[PDB]
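Chemist: no FASTA, just this:
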Ligand SMILES: NC(=O)c1cccc2[nH]ccc12
């Protein structure tokens, strides 16, 4: 049993809810929250900007030190950093950004990072301002992740379309 509440069950391991991931993280304090990161860990907008704002910019300060030491992530890659006030850990995962012309086949590689963690609170990778089709992102998630993933979808309209269209 875990603390996640109000989710619709899609599969054995994937759950979904219409929720603000920031508000969900603040309530649950999950072991892992996933950030929709870019390779520079520049948390300007979308899910990343919202998570970073909720940490009072401490996520960005920590991220800048990580990049100064290690250099940029790979598209499809990830790193584990602090979850600050939101979670124990933040798994920063880089899905391909269609608005930069990145290979959508890298979305499966991105989701494979989730398998290193038993339970996660996450957004749909490459959705929103990353430009991919969220229906596709949910399909890749279900077909790639084996660990228990609780998906937060901010937009109610999109949530209802993801559920209604789910095979
Ligand atoms: N760590 C895993 O890959 C995993 C997690 C939960 C259920 C699973 N079934 C087969 C693999 C697997």
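Modeler: Happy to help now that I have it. Numbers count the residues shown, from 1 in each chain.

Chemist: and whichever residue of the chain sits closest to the ligand, which of the three is it?
Modeler: Nearest to the ligand, among the residues of the chain, is residue 146, at 3.7 Å (Cβ to the nearest ligand atom). All C-beta spots, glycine's among them, are computed from the backbone N, C-alpha and C. State at residue 146, reduced to three classes by DSSP: H, G, I helix; E, B strand; the rest coil: coil.

Chemist: Check whether it really touches residue 13, as I assumed.
Modeler: Yes. Counting by Cβ atoms under 8 Å, residue 146 does reach residue 13; the two are 6.3 Å apart.

Chemist: Distance from whichever strand or helix holds residue 62 to the middle of the chain?
Modeler: Residue 62 belongs to helix 58-70 when assigned by DSSP states H and E. Per Cα atoms, centre = their mean, to the nearest Å, the displacement of helix 58-70 from the mean C-alpha position of its chain is 18 Å.

Chemist: Please apply the same query to stretch 128-147.
Modeler: For stretch 128-147 - counting by Cα atoms, centre = their mean - the centre lies 10 Å from the chain centre.

Chemist: contacting residues around it?
Modeler: By Cβ atoms under 8 Å, 6 or more residues apart in numbering, the surrounding residues in contact with stretch 128-147 are 10-11, 13-14, 16, 36, 45-47, 95-99, 104, 107-108, 111-112, 114-115, 117-120, 124-127, 149, 151, 153-154, 158, 161-162, 165-167.
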